[PDB]
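Visitor: Just passing along the structure, written as structure tokens.
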Amino acid sequence: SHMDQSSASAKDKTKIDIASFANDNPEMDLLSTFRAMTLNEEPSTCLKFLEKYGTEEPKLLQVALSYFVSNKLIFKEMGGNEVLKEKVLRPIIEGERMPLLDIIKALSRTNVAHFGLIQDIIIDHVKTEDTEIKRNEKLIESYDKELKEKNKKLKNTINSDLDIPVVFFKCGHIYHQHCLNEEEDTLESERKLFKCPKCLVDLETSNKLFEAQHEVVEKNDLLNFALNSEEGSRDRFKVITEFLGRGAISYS
Amino acid sequence: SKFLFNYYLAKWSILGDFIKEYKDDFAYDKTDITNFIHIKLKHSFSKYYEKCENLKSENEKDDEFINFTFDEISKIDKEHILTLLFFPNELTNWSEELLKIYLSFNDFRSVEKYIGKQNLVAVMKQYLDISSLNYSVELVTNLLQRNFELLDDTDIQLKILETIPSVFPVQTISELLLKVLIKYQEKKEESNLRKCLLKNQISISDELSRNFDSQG
Amino acid sequence: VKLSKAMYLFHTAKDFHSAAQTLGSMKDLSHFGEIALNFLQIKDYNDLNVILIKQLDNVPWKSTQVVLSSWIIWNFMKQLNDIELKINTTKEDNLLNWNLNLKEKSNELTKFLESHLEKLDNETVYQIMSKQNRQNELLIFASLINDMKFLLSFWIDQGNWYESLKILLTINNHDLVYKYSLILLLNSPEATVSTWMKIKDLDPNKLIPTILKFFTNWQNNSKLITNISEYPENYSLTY
């Protein structure tokens with residue numbers, strides 16, 4: 001078959017080539033082989049192959065973003081730049097293919113790209129900057145009012161208030177500091193096992209804390225995995241902060 | 001006393017040619033305008049000024065004489081250029097004003113000295129008239145990178161990005177675009193972190209209020 | 001009293017280089033958020049890191065330590081960018097020393113990572129540091145944890161053929177080579193052939209289709225050459 005293919009020439013069959021991939025399952029490997037063949041001989045058939053097989057071609061599209069723009073002469077032969085702007089750039093931008101910085105770096109990897117594509121990138125960056133500025137302004141406006149209201153409420157609560165100055169246990173206990181409760185030593189019971197001072201021992205084993213810790217760890221791991229898969233595909237940011245806002249610091 | 005100085009003060013053809021020759025060069029970090037003037041003077045007059053400079057050096061405290069000399073230089077102006085020889089570092093003897101001459105042909109040092117939050121896009125537009133194939137782009141990139149902290153307004157940043165050249169390679173502006181994007185992302189992340197911290201503080205206050213409610 | 005004593009310095013003196021350092025001597029802390037909130041407005045990365053680093057000793061029931069560790073990694077990374085921006089804000093030697101101190105801070109970041117490497121391990125630092133570029137820190141972290149899976153891909157993408165070959169030589173999996181030897185052979189068959197010969201543990205049955213593809217490419221190159229037309233073909237035949 002290899003000898004016949006070497007002898008054979010001037011044959012064009014896009015559909016037959018996909019079905020003649022032996023296992024016909026390695027679509028990514030077939031796309032890589034097609035890119036290698038284009039490196040050997042690029043006749044703009046890569047666009048036809050992408051049109052014929054576009055599903056799950058996000059990685060293929062990312063590779064083509066540099067394959068079709070590897071050479072300025074090849075890019076000019078590849079329908080100049082209108083086709084890439086209409087088909088390649090637009091679909092990649094609208095399909096959330098990758099980060100804007102990654103695309104900018106991939107474009108900067110070349111050295112003979114016209115500024116018209118850079119002009120479209122500048123328009124997209126202007127839109128993104130406007131969105132980011134609006135989001136930052138809204139966040140600051142909310143945060144200032146929230147901080148002012150919280151400070152006022154805390155001041156009112158403190159001024160509002162077994163009445164000696166003391167810090168009550170934040171897990172269901174309260175006592176007067178001047179009544180010798182403060183500074184009881186005993187190594188602070190090692191933070192009292194992250195619980196209020198019961199001032200007594202009732203035995204009955206100890207598994208609630210372990211169960212709570214295991215549940216918290218499992219929930220955090222599941223949330224991180226789901227975010228990376230669906231929500232926080234970019235990074236744990238805006239998700240780790242969200243978990244921190246739930247009160248992970250505890251200190252109760 | 002001052003009469004001899006007035007006589008010395010009493011006692012602009014090649015200046016235009018020298019200015020044109022200096023303007024011919026379009027280097028981002030060439031010799032300064034004062035440095036270029038000093039080099040031209042060395043190539044070249046100033047001996048009489050040096051004689052006046054000897055009196056000027058002895059006039060380190062004669063404020064009235066300094067003002068009189070500045071007024072005489074203004075009245076003895078030569079193409080509004082020779083005063084720079086008499087005032088190499090005495091621009092306040094007689095800031096919003098040097099750009100007429102310092103920024104006329106080319107002065108990167110003077111541009112940085114007289115830079116500001118406003119009157120920035122106009123300077124970039126004026127410098128864009130170099131019409132070089134790539135030297136103009138390189139000079140614009142150097143000017144942007146030199147004072148990259150000057151631009152700190154969203155509207156100003158948008159206006160600056162709008163007037164970018166449309167025939168320049170993306171590689172030259174790639175570093176600036178990446179820096180701007182990174183700065184914007186960092187600012188957004190900082191704002192989000194501050195909001196999360198404020199929410200955590202509000203939750204702590206709410207927990208304290210709930211505990212107080214439990215306390216009776 | 002120690003907390004109250006540091007309050008006066010924080011309110012008026014504001015010398016967190018010593019006040020927070022003195023405040024860092026506290027054994028147990030409760031108002032961490034309140035202290036951080038005031039320190040947040042100060043925007044002093046060093047002061048925030050000093051309190052956070054000491055607070056990392058509070059192991060607790062793990063899990064949340066990673067959340068604190070993520071902020072610790074970000075704080076140092078954010079400080080480096082601020083220092084880099086300040087370094088790039090030149091308009092000298094101390095700044096170069098600060099840049100050297102930034103390398104020392106990077107060494108401190110490596111030292112901080114080395115000390116608690118087992119404590120903080122979620123692969124999120126790689127994602128966190130990726131968004132801010134700075135590939136040197138990512139490479140150092142990859143060298144810290146012996147995986148080389150992402151390191152090999154990064155080296156292949158960058159184009160360091162010699163470094164990629166050196167990394168692949170140490171790897172004894174022989175499956176990654178059997179998968180991606182085609183690109184390496186196409187890039188430099190001469191070095192690849194010697195590397196494969198010296199590597200051993202590579203069955204000739206594998207890459208047979210790759211060998212055929214390499215022969216076809218060599219013939220295509222030879223279609224327009226006379227003297228060294230079959231040079232890649234000669235290398236493949238010799239291998």
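Note: ideal-geometry Cβ built from the backbone for every residue, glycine included; neighbour counts use all protein chains shown. Throughout, read-outs are computed from the coordinates displayed, never taken from laboratory work.
Visitor: Which one of these does residue A:179 not meet: (1) in contact with a helix residue (DSSP H, G or I) (Cβ under 9 Å, 6 or more places away or on another chain); (2) among the hydrophobic types (A, V, I, L, M, F, W, C); (3) away from chain B (no Cβ under 11 Å); (4) on the phi < 0 side of the Ramachandran plot?
Guide: Just one mismatch for residue A:179, condition (1).
Visitor: Show the residue pairs meeting these rules: Cβ distance below 6 Å; 6+ apart or different chains; first residue within the range A:1-20 and surrounded by 10 or more Cβ atoms within 10 Å (Cβ to Cβ); second residue assigned to a helix (DSSP H, G or I).
Guide: A:2/C:212; A:14/A:48; A:14/A:52
Visitor: Please tell me if residue A:237 is facing chain C (nearest Cβ under 8 Å) and either in contact with a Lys or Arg (Cβ under 7 Å, 6 or more places away or on another chain) or in a helix (DSSP H, G or I) (or both).
Guide: Answer is no for this residue.
Visitor: Checking residue C:137 against (1) part of a helix (DSSP H, G or I); (2) surrounded by fewer than 17 Cβ atoms within 10 Å (Cβ to Cβ); (3) of a type in the set (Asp, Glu), which single condition isn't satisfied?
Guide: Only one criterion in (1) part of a helix (DSSP H, G or I); (2) surrounded by fewer than 17 Cβ atoms within 10 Å (Cβ to Cβ); (3) of a type in the set (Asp, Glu) is unmet by residue C:137, namely (2).
Visitor: Quick check on this structure: which one of B:7, B:48, B:22 is buried (at least 16 other Cβ atoms within 10 Å of the Cβ) and of a type outside the set (A, V, I, L, M, F, W, C)?
Guide: Every option except B:22 fails the conditions.
Visitor: If I ask for residues that are among the aliphatic types (A, V, I, L, M) and closer than 17 Å to residue B:209 by Cβ, which ones from the range A:137-189 would you list?
Guide: A:147, A:154, A:158, A:167, A:174
Visitor: Inspect the range C:7-23 for any residue being exposed (fewer than 14 other Cβ atoms within 10 Å of the Cβ) and at positive phi and give the result as yes or no.
Guide: For the range C:7-23, residues exposed (fewer than 14 other Cβ atoms within 10 Å of the Cβ) and at positive phi: present.
Visitor: Let me ask something else about it. Mind telling me which of the residues A:112, A:126 ends up being closer than 23 Å to residue B:173 by Cβ and in contact with a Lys or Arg (Cβ under 8 Å, 6 or more places away or on another chain)?
Guide: The match here is A:112.
Here's the yes/no breakdown for (1) within 14 Å of chain A (Cβ to nearest Cβ); (2) in a helix (DSSP H, G or I):
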residue: C:22; (1), (2): no, yes
residue: C:33; (1), (2): yes, yes
residue: C:59; (1), (2): yes, no
residue: C:66; (1), (2): yes, yes
residue: C:77; (1), (2): yes, yes
residue: C:83; (1), (2): no, yes
residue: C:100; (1), (2): no, yes
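Visitor: Something else now. Could you please find all residues in the range A:152-174 being part of a loop (DSSP other than H, G, I, E, B) and touching a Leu at 6+ places or on another chain (Cβ under 8 Å)?
Guide: A:174
Visitor: What is the number of the single condition among (1) more than 10 Å from chain A (Cβ to nearest Cβ); (2) buried (at least 17 other Cβ atoms within 10 Å of the Cβ); (3) more than 24 Å from the chain's Cα centre (by Cα); (4) aliphatic (A, V, I, L, M) that residue C:52 does not meet?
Guide: So residue C:52 meets the others, but not (3).
Visitor: Please count how many residues of the range C:84-107 are closer than 30 Å to residue C:61 by Cα and surrounded by 15 or more Cβ atoms within 10 Å (Cβ to Cβ).
Guide: Number of matching residues: 2.
Visitor: Enumerate the helices (runs of 4 or more DSSP H) found wholly within the range B:88-182, keeping only those where 2 or more residues are more than 17 Å from residue A:129 (Cβ to Cβ) and aliphatic (A, V, I, L, M).
Guide: B:121-127, B:135-146
Visitor: Condition first: within 25 Å of residue C:130 (Cβ to Cβ) and more than 11 Å from chain C (Cβ to nearest Cβ). Now tell me which residues in the range A:202-224 satisfy that.
Guide: A:222, A:223
Visitor: Only one of A:96, A:86, A:137 is more than 11 Å from every other protein chain (Cβ to nearest Cβ), among the acidic types (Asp, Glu), in a helix (DSSP H, G or I) and more than 20 Å from residue A:38 (Cβ to Cβ). Can you tell me which?
Guide: A:86
Visitor: Got at least one residue in the range C:208-225 being over 25 Å from residue A:5 (Cα atoms) and not small (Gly, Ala, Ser)?
Guide: There is no residue in the range C:208-225 that is over 25 Å from residue A:5 (Cα atoms) and not small (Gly, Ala, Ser).
Visitor: Further question on the same structure: Quick test for you: out of C:106, C:130, pick the one residue that is away from every other protein chain (no Cβ under 14 Å) and small (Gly, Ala, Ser).
Guide: C:106
Visitor: Moving on. Hey, can you tell me all the residues within the range A:99-127 that are more than 8 Å from every other protein chain (Cβ to nearest Cβ), under 18 Å from residue B:161 (Cα atoms) and of a type outside the set (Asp, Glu)?
Guide: Answer for the range A:99-127, where residues must be more than 8 Å from every other protein chain (Cβ to nearest Cβ), under 18 Å from residue B:161 (Cα atoms) and of a type outside the set (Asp, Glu): A:123, A:127.
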